[PDB]
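For reference, the chains in residue letters:
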Number of protein chains: 2
Amino acid sequence: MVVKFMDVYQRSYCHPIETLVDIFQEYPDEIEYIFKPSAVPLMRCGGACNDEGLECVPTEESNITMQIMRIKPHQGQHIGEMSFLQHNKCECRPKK
Amino acid sequence: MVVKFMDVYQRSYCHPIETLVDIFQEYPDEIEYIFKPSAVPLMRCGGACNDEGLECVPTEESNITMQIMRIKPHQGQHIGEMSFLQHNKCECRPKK
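The name given to chain A in the PDB entry is Vascular Endothelial Growth Factor A, with Homo sapiens as the source organism.

Shown next as C-alpha cells:
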C-alpha cells in the first residue's frame, strides 16, 4: 500500500521522539570518562514545521535519572546515577 | 525513580529505532527538488554493542512507499510516491 501524504505529513510533523543521545555530548566536562552504553534513548523534539522560518523546539521538559557505567582508566568500572533532560512538549517556533 | 543499569543497557542496545530520515539524504541525486516534509520517520538500526569491534547493522529489511510533496521553486508542486528502506532486524557485527 501507500501512506497518503496527509498521513505522512502529520507523522513527520514536529513532536517528541525517542532519540539515542550521546552521554558525553550531554556531559561535556567529563573528558576522562567513557560511558556504557555510550548513548541512551531520550524523548527529544524533532520533525517538520510549516514554514522554514520555524524550528521544532521544546516548550516543556523534565529530567530522568539513569544508572550509567562510568569508566575512567585505572578506576575500574563504576555504576553511577546521571540525570538526563527530556522534551515533554514540542511546538514550531521562529528561528531566533 | 532511577532506571536500573540492566534496563538502561537493554533499552540502549542495538535494535530498530523509529528515526527521522532526511529525504535528500536517501536520494542525494534529487538536487532540483525540495521535499515536503523534508524528513520522514523510518525504522533504522541504532544502539550499543558489547565491544567496540562491533557495529549495529540491519539483518532484515523492507520497503515502505509514501506520498511526498515535491517542490520545484517557481514551478509548482506534485505529490508523488517515494520508496524508503526500513530495518526490521538489527545485529551487532564486526566493523569489517
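Draft legend 1. Inspection of the UniProt feature "disulfide bond" in chain A at higher detail. Residue and element names in this part refer to chain A. The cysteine pair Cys14 and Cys56, annotated by UniProt as disulfide-bonded, shows a sulfur separation of 2.0 Å, below the 2.5 Å cut-off, so the bond is present here. Of this pair, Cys14 sits in the loop between α1 (5–12) and β2 (15–22) while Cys56 sits in strand β5 (residues 54–71), and the two are 42 residues apart along the sequence. For the pair formed by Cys14 and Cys56, the shared burial category is buried. Of the disulfides listed in UniProt, the one joining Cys45 and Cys90 is reproduced in the coordinates: its sulfurs are separated by 2.0 Å, less than 2.5 Å. Of the two residues, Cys45 is situated in strand β4 (residues 39–46) and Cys90 in strand β6 (residues 77–94); the sequence distance between them amounts to 45 residues.

Draft legend 2. Structural view of the interface of chain B and chain A. Opposite the 29 residues of chain B that make contact, chain A presents 29 residues. Those elements giving two or more residues to the side of chain B that touches chain A turn out to be α1 (5–12), β1 (15–22), β3 (39–46), β4 (54–71) and β5 (77–94) of chain B. The element that contributes the greatest number of residues to the side of chain B that touches chain A is β4 of chain B, accounting for six residues. The residue makeup of the side of chain B that touches chain A, split by class, is 18 nonpolar, six polar and five charged. Here strand β1 (residues 2–3) of chain A runs beside β4 of chain B; their pairing, made up of two bridges, is parallel. Within β4 of chain B, the position partnered with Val2 of chain A by the bridge is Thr65 of chain B.

Draft legend 3. Representation of the pairing of β4 of chain A within the structure. All names here are of chain A. β4 sits mainly inside the fold: seven of its eight residues count as buried. Pairing geometry for β2 and β4, over eight bridges, is antiparallel. Note on β4: the bridge partner recorded for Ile17 is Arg44.

Draft legend 4. Quick look at the sheet that holds β6 of chain A. Ordered in space as β3-β5-β6 (chain A), the three strands form an open sheet in which the pairing is antiparallel. The open sheet has two edge strands with one neighbour each: β3 (34–36) and β6 of chain A. The average angle at which neighbouring strand axes cross in this sheet is 45°, direction not considered. Inspection of the sheet shows β5 of chain A paired to β6 of chain A by 17 bridges, in the antiparallel sense. Bridge pairing in β6 of chain A places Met69 of chain A opposite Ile79 of chain A. Relative to β5 of chain A, α1 of chain B is tilted by about 125°, and along the sheet it contacts β3, β5 and β6 of chain A.

What counts and what doesn't
- Residues numbered from 1 in each chain as written, not as in the entry; some residues may be left out.
- Chains lettered and ligands numbered in written order.
- Heavy atoms only, no water.
- Residues with missing side-chain atoms left out of burial classes, pairs and counts.
- Disulfide = S-S within 2.5 Å.
- UniProt positions renumbered as here; feature names shortened; annotations may be inferred.
- Helix = DSSP H or I, 4+ residues; strand = E, 2+ residues; numbered from the N terminus.
- Buried < 20%, exposed > 50% of the residue type's maximum accessible area, 1.4 Å probe, protein only.
- Contact = heavy atoms within 4.5 Å.
- Nonpolar A, V, L, I, M, F, W, Y, C, P; charged D, E, K, R; others polar.
- Pairing = 2+ DSSP bridges.
- Axes fitted to C-alpha atoms, helices over the stretch in contact; angles between N-to-C directions.

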